[PDB]
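Working notes, structure below.
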Amino acid sequence: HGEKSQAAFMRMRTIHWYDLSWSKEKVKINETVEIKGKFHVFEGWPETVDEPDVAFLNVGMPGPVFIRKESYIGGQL
Amino acid sequence: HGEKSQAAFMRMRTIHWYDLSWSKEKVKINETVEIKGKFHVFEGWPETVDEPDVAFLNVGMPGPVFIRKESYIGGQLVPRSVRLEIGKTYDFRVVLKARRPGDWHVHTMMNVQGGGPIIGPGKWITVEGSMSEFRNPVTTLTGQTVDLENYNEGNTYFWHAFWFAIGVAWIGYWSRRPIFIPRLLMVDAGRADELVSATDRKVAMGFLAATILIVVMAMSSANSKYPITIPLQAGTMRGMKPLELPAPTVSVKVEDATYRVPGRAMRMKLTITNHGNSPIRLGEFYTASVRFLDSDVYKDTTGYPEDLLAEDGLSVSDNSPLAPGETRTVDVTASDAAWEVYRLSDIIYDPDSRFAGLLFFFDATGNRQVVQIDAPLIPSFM
Amino acid sequence: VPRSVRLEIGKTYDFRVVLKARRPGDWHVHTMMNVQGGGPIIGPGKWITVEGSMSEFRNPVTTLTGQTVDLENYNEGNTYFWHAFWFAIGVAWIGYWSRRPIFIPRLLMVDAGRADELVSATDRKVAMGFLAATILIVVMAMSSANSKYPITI
Amino acid sequence: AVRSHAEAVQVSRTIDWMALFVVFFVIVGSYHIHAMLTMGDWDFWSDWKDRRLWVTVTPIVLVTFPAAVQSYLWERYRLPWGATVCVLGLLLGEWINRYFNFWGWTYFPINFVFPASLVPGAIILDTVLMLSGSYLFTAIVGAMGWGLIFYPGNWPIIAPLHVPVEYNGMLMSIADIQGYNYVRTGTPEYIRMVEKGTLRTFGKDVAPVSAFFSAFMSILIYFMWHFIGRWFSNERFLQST
Amino acid sequence: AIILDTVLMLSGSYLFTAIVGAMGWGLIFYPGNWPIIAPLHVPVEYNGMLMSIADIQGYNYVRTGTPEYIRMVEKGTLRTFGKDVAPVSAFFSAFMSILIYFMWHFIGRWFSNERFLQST
Amino acid sequence: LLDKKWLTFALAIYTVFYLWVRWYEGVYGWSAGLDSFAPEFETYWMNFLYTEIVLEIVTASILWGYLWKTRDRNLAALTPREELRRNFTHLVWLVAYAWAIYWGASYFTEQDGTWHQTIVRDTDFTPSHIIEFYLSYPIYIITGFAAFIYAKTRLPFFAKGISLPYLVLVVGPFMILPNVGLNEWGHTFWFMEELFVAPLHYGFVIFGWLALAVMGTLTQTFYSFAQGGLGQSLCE
Ligand SMILES: CCCCCCCCCCCC(=O)OC[C@H](COP(=O)(O)OCC[N+](C)(C)C)OC(=O)CCCCCCCCCCC
Ligand SMILES: CCCCCCCCCCCC(=O)OC[C@H](COP(=O)(O)OCC[N+](C)(C)C)OC(=O)CCCCCCCCCCC
Ligand SMILES: CCCCCCCCCCCC(=O)OC[C@H](COP(=O)(O)OCC[N+](C)(C)C)OC(=O)CCCCCCCCCCC
Ligand SMILES: CCCCCCCCCCCC(=O)OC[C@H](COP(=O)(O)OCC[N+](C)(C)C)OC(=O)CCCCCCCCCCC
Ligand SMILES: CCCCCCCCCCCC(=O)OC[C@H](COP(=O)(O)OCC[N+](C)(C)C)OC(=O)CCCCCCCCCCC
Ligand SMILES: CCCCCCCCCCCC(=O)OC[C@H](COP(=O)(O)OCC[N+](C)(C)C)OC(=O)CCCCCCCCCCC
Ligand SMILES: CCCCCCCCCCCC(=O)OC[C@H](COP(=O)(O)OCC[N+](C)(C)C)OC(=O)CCCCCCCCCCC
Ligand SMILES: CCCCCCCCCCCC(=O)OC[C@H](COP(=O)(O)OCC[N+](C)(C)C)OC(=O)CCCCCCCCCCC
Ligand SMILES: CCCCCCCCCC(=O)OC[C@H](COP(=O)(O)OCC[N+](C)(C)C)OC(=O)CCCCCCCCC
Ligand SMILES: CCCCCCCCCC(=O)OC[C@H](COP(=O)(O)OCC[N+](C)(C)C)OC(=O)CCCCCCCCC
Ligand SMILES: CCCCCCCCCC(=O)OC[C@H](COP(=O)(O)OCC[N+](C)(C)C)OC(=O)CCCCCCCCC
Ligand SMILES: CCCCCCCCCC(=O)OC[C@H](COP(=O)(O)OCC[N+](C)(C)C)OC(=O)CCCCCCCCC
Ligand SMILES: CCCCCCCCCC(=O)OC[C@H](COP(=O)(O)OCC[N+](C)(C)C)OC(=O)CCCCCCCCC
Ligand SMILES: CCCCCCCCCC(=O)OC[C@H](COP(=O)(O)OCC[N+](C)(C)C)OC(=O)CCCCCCCCC
Ligand SMILES: CCCCCC(=O)OC[C@H](COP(=O)(O)OCC[N+](C)(C)C)OC(=O)CCCCC
Ligand SMILES: CCCCCC(=O)OC[C@H](COP(=O)(O)OCC[N+](C)(C)C)OC(=O)CCCCC
Ligand SMILES: CCCCCCCCCC
Ligand SMILES: [Cu+2]
Ligand SMILES: [Cu+2]
Ligand SMILES: [Cu+2]
Ligand SMILES: [Cu+2]
């Protein structure tokens, strides 16, 4: 909900998300929903963005409407 | 013209320019001259120079005696800063259009964000004609062709003169009356409240309102005209394509390197091992824009600058053909007046007495091999 | 590697350090790697016994000017001489001004009326001599240290 | 002394012209040094005249001398043109150097090396001071206007240089092509401190945000330099150095 | 120190001292120490690398807490023109010495205060 | 008589000399002046530096010594008309100082925003530096010191004490000349970028600010003008 305001070229050349999947579209309280996919770090990383030497896998959401039980990059938490 | 003053070791170990070529040596006004070549980023990049993460392909010249029409690293245009990788070799091409008559020393240079200018070899290029004949046309995406020499000059002059006139009018309006000493005396001796009275306040209100209104109207008019504008295009460009050079079949180990103080010669002992399947011979030693050639092995035909070219400045103790698989150790002496003219002898003043360079090995058929050497450079006094 | 070096993460390097014994005793010798922005990385330490006398230690070195010096005491006499000379010059200046009464009478003279009496010729002449001699001695010493040791890096 | 009332008036007029010369050219020298060493690089190049750094920095560092000269001239003579005289002197020095050195000595085109316009901001600062003589009101409102009107004041000049051009496969503005073509050996492209985009640049806000930041910092710098000029006006006689 | 003191006593102006004497104080530092350190700058061919005698001293006499990279010394730049490193540093030090002397004259003026702060 | 034609000479000498200097640097900027190790650079710019430094030292010594030696001992017995004439002469000195300050701190300073921004430096003695710091700065320093000395030695208002604003106006712009050390140190070492707004320039700026003391100096000269011959007319 925070995109559509960032620069178009910066959204185009930072990180490409594909093979995205969602385990469920509608859930109950205490029920788990899993989001999977791949992201590719673009070679032409803009100089105005620091290199992703320190990066955090986050979730874009309006406050803790979900709690992040687990998050993995590769296969490790 | 800005080298010969930089540190000798820093000129030796930053960037090695080779295969340099110039399309023309003498040009007319509006004529194009193209500079091509390769540069290799040295692996032993000095720690005092920031890594070439942000680098710009520039031209060393005394002001816009040429205009840079195009510049390429790899095969793609590079109007912005670029990222270079240490140890990689890139090919470059700069297209220049003659603008000012005269004899100009044109250098190809690489500016590094945190290290300053790295000046390559410079070549004298003669320009003939008149500056008044120079044109720099360009066609915009709005479908109009303008000459960059004088485009917007009238508008700039007009607006600057208009605002200067407004300010001068304000100052003169207040300067018609006596200025300094009577006003100072009036302010000091009692309350002043007499030197600023209507219609002075009305004139100031008119000036303020007119200034704001004129700024708004001028901005609106400059938006109706030129309705299509873009911001300045900037940003370092990544993904420069380096040359995919074949692995050299020659390995060279430097066993000590010395230069006489004072002197115009550099001496080094190399252990050369010939792999592959052809007899090789040492033909060139390039250290910092200076090419020491063994004339019996190789001759320069690309019109390299004479003051940077040592036709027989490279003497090898045993430069007989090196059979494949054979390893021999020879004494190599690079001697030329350039070693002192370009102050490569002043490495004795440097806080890091290490040299780097390129050795060019040629076989009978003529195909060449480039190997890089770097070692401490030990002065000798007695 | 007498200077700092660049290491690559994930790479394995082999190292070799040659040490010459200088001081008798039992010493715990560690091989360590100092990183510019992380501090000391100390490797395993081994007890190494040194026997003898420190007075027997020599650290000879041969320069490119063709002279062999012992790094234990080379230039020590020259350093001591120059430091003592300049310290003596400063002490002479201070003592010259300290022969007369120093603090309370001078303070009273400065406070009560204009002083203009505690600094009079030939005090100004002595100060001019001190300044000129200091500059001249510095210049002459630099020139002499340039004639000797004409080759420096 | 003076012979009569008329001769006193003539002497005062001559003093007025001579002291105006002294004020104007000492201000030219000092203000030009300060400006060219605090905003000169942006002021030198049309391809440096961007929407973020140029708009931000220039009013902030250029409000310095107008504040001090105002705090002196208005307070001591009720002359409301300190800001205007500072800006006019800076523009005169800058234009003289651009024409005789940038274009005269070197041969950079004037449409490439033109300076920025500052008279609208100076006029706002001077009129807002004369009306409502409050220096605090000036520092708050007039400095706000000085910061805010900078970019709109210069837009008629630089707008034609922002026409997009398809240049050898890459999109470039006319100012970009000027900077590319007219080689500055000592000034590589990366030195250019211009807007380059960020992931936190929301919508079309680069110019207004920079203008408002410059206006606020201009308020602060004007407040500081009013008192700096108050000190510089001191008529004290330091008995001994 | 002698330059600073004599330039103050002669021409008692503190401003003149801060300008001229501090200039001399900054400028004479390196020439004053050159007779001491010059013998330590004799070049030596040390195990294939060029090193000064001071460099060999720092290499040999191990400072466990002081690695070589901590050394803030001249390392060369691409904008180091000719043989100017020492004079340029000396003149910069002299100018900054003028500034610091000017500041610390008034700092010492304050530190001399004979006031009686009635309560702490 | 009062204000005489010394003002015309004060303007004209600086104008003509600096126009000739500009012509000289236009002729020898390129072509003996680009390469700092060429022999022609020594004959056209190093010789210029040496000659200008020697001439500046000699001129400063002679001018300041003459102004101090011809100082008015009996300032008390100075008529108001003579005081007015001396005030006008001091104003001419201030005009010369303002003109020299302009030429030094605006023209030849920004003339560098034109020399380096275009060429790759080769030394601490760029022909332009041989013009700005070793001429556009010593000349205005000499003029400012001469004006200050003239005020102190001929004007009773500026006598009996050192005026703080005049001292600042005279010495601060002088401090720009020793600040060249910071310029050099922070060009070769700190900052290889030709950034004109680099912190290695807050040295001419800080001391360029001290020229704002001309405001206090000029109100002091106004009071000195309005001592005995203040009028009447003014405030009457
Ligand atoms: C006379 C009183 C009534 C007028 C009141 C005006 C309210 C604001 C108008 C916004 C215009 C617009 O359009 O939004 C803002 C426009 C860009 O617009 P966009 O590209 O559409 O932005 C997309 C996002 N949106 C759709 C939500 C707008 O620029 C700006 O980012 C300006 C940012 C300024 C920040 C600093 C302000 C400091 C104020 C200090 C006060 C003392
Ligand atoms: C005392 C207050 C005086 C204010 C005077 C304002 C005159 C009109 C300006 C129109 C600007 C415009 O047209 O929009 C904003 C544009 C930038 O637009 P951009 O998106 O970067 O694109 C650039 C390309 N253009 C021009 C083709 C779109 O200009 C500016 O940067 C001005 C920013 C400051 C605005 C100040 C007004 C808001 C209220 C101030 C009081 C709190
Ligand atoms: C106490 C202070 C009160 C000030 C009230 C505001 C007066 C605005 C006058 C009109 C300006 C205009 O219309 O132009 C401003 C332009 C809009 O730019 P744009 O929307 O991007 O595009 C151009 C769109 N046009 C062509 C339709 C204009 O620049 C800006 O982005 C600045 C907008 C931010 C204004 C912040 C004001 C905050 C006030 C807070 C009070 C509590
Ligand atoms: C009594 C009056 C007459 C004497 C006037 C002296 C003029 C300068 C002499 C230069 C000596 C020389 O040789 O040049 C300079 C020598 C190095 O020389 P290089 O290695 O050959 O440089 C190669 C390039 N060249 C051939 C063009 C010289 O060091 C320096 O870089 C010194 C730099 C100092 C910078 C800061 C100075 C601040 C001054 C402040 C004043 C208040
Ligand atoms: C009131 C002013 C008093 C000045 C006293 C000067 C005494 C003589 C110094 C000779 C220096 C030398 O020999 O040349 C310069 C050398 C550095 O040389 P280097 O290239 O780094 O090599 C080093 C190895 N050497 C020595 C074998 C070559 O020393 C310096 O760093 C001193 C720099 C400051 C010089 C100050 C004089 C210039 C005018 C000052 C007034 C504006
Ligand atoms: C208002 C201030 C006036 C001062 C005038 C200058 C007096 C110089 C005395 C002799 C010094 C000398 O000869 O030695 C200085 C040495 C030269 O070093 P070198 O050339 O590298 O090598 C050694 C070569 N020798 C052995 C032949 C000397 O150090 C320097 O590099 C400093 C040189 C920069 C001087 C800058 C002065 C700028 C003055 C500007 C006036 C408007
Ligand atoms: C505050 C006190 C300031 C003191 C410093 C003054 C510096 C003066 C210039 C230094 C020259 C130098 O050093 O160079 C010496 C130059 C080198 O040129 P050349 O190769 O002989 O060619 C032939 C000469 N042309 C190229 C000039 C034609 O020749 C000269 O003899 C001529 C110097 C003339 C200077 C006097 C005229 C100034 C303009 C008229 C209004 C005053
Ligand atoms: C009593 C208070 C006085 C203190 C002032 C003393 C001078 C400080 C000397 C710094 C040496 C140091 O500390 O380190 C030196 C560091 C080491 O960096 P590097 O790894 O070589 O970076 C390599 C980058 N090059 C290649 C460009 C160097 O270079 C610096 O970053 C210099 C920082 C500038 C500090 C000087 C600012 C002077 C302020 C002038 C404003 C009027
Ligand atoms: C509480 C803060 C709200 C804003 C008010 C801040 C202004 C305060 C300035 C001040 O201290 O007073 C100075 C003058 C005094 O002049 P007066 O003789 O009071 O004139 C009154 C008639 N007048 C309305 C036309 C001005 O009066 C003025 O400064 C001008 C008053 C008119 C307001 C508009 C002037 C500013 C124009 C941009
Ligand atoms: C870059 C910072 C801007 C510089 C502004 C700082 C000015 C500081 C004020 C000052 O200089 O005080 C002078 C006193 C000496 O006092 P006296 O000479 O006794 O004068 C009597 C009257 N007085 C005490 C009020 C001065 O203190 C002294 O010891 C004399 C030193 C005077 C030096 C001031 C000259 C500044 C030129 C840069
Ligand atoms: C315009 C700036 C040019 C430089 C002048 C700055 C000096 C000003 C210092 C000052 O305010 O005056 C203090 C003393 C007063 O002593 P006097 O009683 O005037 O002595 C005059 C005889 N004398 C020439 C031997 C000095 O006089 C002196 O300070 C000494 C005057 C002699 C100059 C050389 C002294 C400095 C040696 C390095
Ligand atoms: C690191 C910075 C250097 C420290 C220098 C700062 C000194 C500030 C001056 C100061 O302390 O003022 C004392 C006043 C209390 O005044 P009183 O005790 O009423 O004394 C009457 C006379 N007097 C007002 C002039 C002091 O204010 C008070 O409330 C008493 C506080 C006194 C603390 C000073 C001791 C500083 C030791 C570090
Ligand atoms: C090539 C160098 C030539 C410099 C010539 C200096 C002239 C001598 C300075 C001088 O004392 O006064 C010259 C004029 C007229 O003032 P005078 O009345 O002659 O000065 C003494 C006042 N007194 C007669 C009542 C005792 O006062 C002026 O306004 C002359 C201004 C000259 C401009 C400054 C040139 C400095 C260039 C470095
Ligand atoms: C270089 C940086 C300057 C540092 C600033 C310190 C000077 C600021 C205060 C000042 O100018 O006063 C010195 C005198 C003014 O008269 P006083 O300071 O009252 O003392 C007069 C006696 N004295 C000439 C020995 C000083 O003014 C003069 O007498 C100067 C003319 C005499 C000097 C002529 C010889 C210099 C040749 C190079
Ligand atoms: C208020 C500062 C005036 C600066 C004018 C200037 O730098 O003039 C040099 C420039 C040089 O260009 P140009 O006139 O074509 O003559 C070229 C001669 N050189 C190359 C030696 C400068 O133009 C002039 O000489 C015009 C005369 C103006 C008199 C106030
Ligand atoms: C009043 C504002 C001063 C801000 C100082 C500044 O902008 O410094 C930038 C610089 C950052 O260096 P950078 O801009 O990356 O320089 C790039 C070019 N090199 C690496 C050759 C210096 O930081 C420093 O080195 C410390 C400055 C101390 C100021 C008292
Ligand atoms: C940072 C601004 C400080 C200005 C100093 C003014 C002091 C005035 C004392 C009379
Ligand atoms: Cu969303
Ligand atoms: Cu991708
Ligand atoms: Cu060249
Ligand atoms: Cu290489």
Side-chain angles (χ1 to χ4, degrees), chain B residues 187-188 191, chain C residues 90 93-95 97-119 123, chain D residues 64 67-68 71-72 75-76 133-140 219-241, chain E residues 1 4-19 21-22 25 96-120, chain F residues 160-169 171-172 175 202 206-207 209-210 212-213 215-217 219-220 223:
Chain B
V187 171
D188 288 323
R191 283 173 178 143
Chain C
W93 172 250
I94 290 197
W97 284 97
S98 270
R99 284 161 335 200
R100 55 201 83 177
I102 304 164
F103 283 115
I104 292 197
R106 288 184 85 93
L107 171 71
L108 289 173
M109 285 282 294
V110 171
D111 288 323
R114 283 173 178 143
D116 288 332
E117 276 143 58
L118 315 106
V119 174
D123 281 337
Chain D
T64 53
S71 90
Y72 168 72
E75 190 65 14
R76 295 315 299 273
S134 159
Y135 284 108
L136 193 40
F137 187 91
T138 303
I140 288 167
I219 294 178
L220 294 204
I221 298 316
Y222 187 106
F223 188 76
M224 153 178 329
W225 275 77
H226 164 89
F227 294 106
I228 280 168
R230 272 313 147 80
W231 191 94
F232 272 125
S233 297
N234 89 93
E235 304 140 41
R236 295 180 32 209
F237 263 74
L238 199 234
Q239 266 329 285
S240 79
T241 81
Chain E
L4 212 50
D5 273 334
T6 47
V7 171
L8 175 53
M9 198 217 51
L10 305 171
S11 101
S13 159
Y14 284 108
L15 193 40
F16 187 91
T17 303
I19 288 167
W25 158 288
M96 287 309 299
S97 301
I98 294 178
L99 294 204
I100 298 316
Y101 187 106
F102 188 77
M103 153 178 329
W104 275 77
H105 163 89
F106 294 106
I107 280 168
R109 272 313 147 80
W110 191 94
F111 272 125
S112 297
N113 89 93
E114 304 140 41
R115 295 180 32 209
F116 262 74
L117 199 234
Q118 266 329 285
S119 79
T120 81
Chain F
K160 43 85 184 180
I162 302 123
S163 143
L164 179 55
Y166 215 152
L167 195 62
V168 172
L169 167 68
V171 171
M175 280 298 305
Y202 301 143
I206 298 328
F207 296 117
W209 296 349
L210 299 201
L212 280 173
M215 291 184 305
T217 306
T219 173
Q220 270 180 359
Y223 284 144

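A, B, ... follow the sequence lines: proteins, then strands. Residue 1 opens every chain. We use all heavy atoms of the structure for the numbers below, so side chains are in, but hydrogens, waters and symmetry mates are not.
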Kindly give the heavy-atom pair with the smallest separation between [X] and [Y], and that separation in Å.
X	Y	value
E:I98	E:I19	CD1-O, 3.3 Å
F:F207	F:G172	CB-O, 3.2 Å
D:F223	D:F227	O-CD1, 3.2 Å
F:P165	F:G216	CB-C, 3.7 Å
D:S71	D:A68	OG-O, 2.9 Å
E:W25	E:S97	CD1-OG, 3.9 Å

Look at the aromatic rings of E:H105 and E:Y101 and report parallel, tilted or perpendicular, splitting at 30° and 60°.
parallel
Assess whether atom CD1 of C:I104 is packed by more than 12 heavy atoms of other residues, nucleotides or ligands within 6.0 Å.
no
State, yes or no, whether a side-chain contact exists between [X] and [Y] at a heavy-atom distance under 4.5 Å.
X	Y	result
E:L15	F:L167	yes
D:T64	F:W209	no
C:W93	E:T6	yes
E:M103	E:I107	yes
C:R100	C:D123	yes
F:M175	F:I206	no
F:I162	D:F237	no

Test ring pair (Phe, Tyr, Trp, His ring centres under 6.0 Å) applied to E:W104 and E:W110, step by step
CA-CA 10 Å; E:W104 275 77; E:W110 191 94; over 10 Å; no
So D:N234 and F:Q220, side-chain contact (heavy atoms from CB on, under 4.5 Å) or not? Walk me through it.
CA-CA 9 Å; D:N234 89 93; F:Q220 270 180 359; over 6 Å; no
Rounded to the nearest 0.5 Å, the CG atom of C:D111 sits from the CZ atom of C:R106 at a distance of 13.0 Å
Row check, C:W97 ring normal vs C:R99 NZ/CZ: under 6.0 Å, within 45°:
no
Qualifying side chain to side chain donor-acceptor pair (under 3.5 Å) pairs, either residue in residues 7-19 of chain E, two or more places apart:
D:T241-E:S13, E:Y14-E:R109
Sequence neighbours excluded, which residues qualify as side-chain contact (heavy atoms from CB on, under 4.5 Å) partners of F:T219?
B:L184, D:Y72, D:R76, D:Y77, D:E235, F:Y223
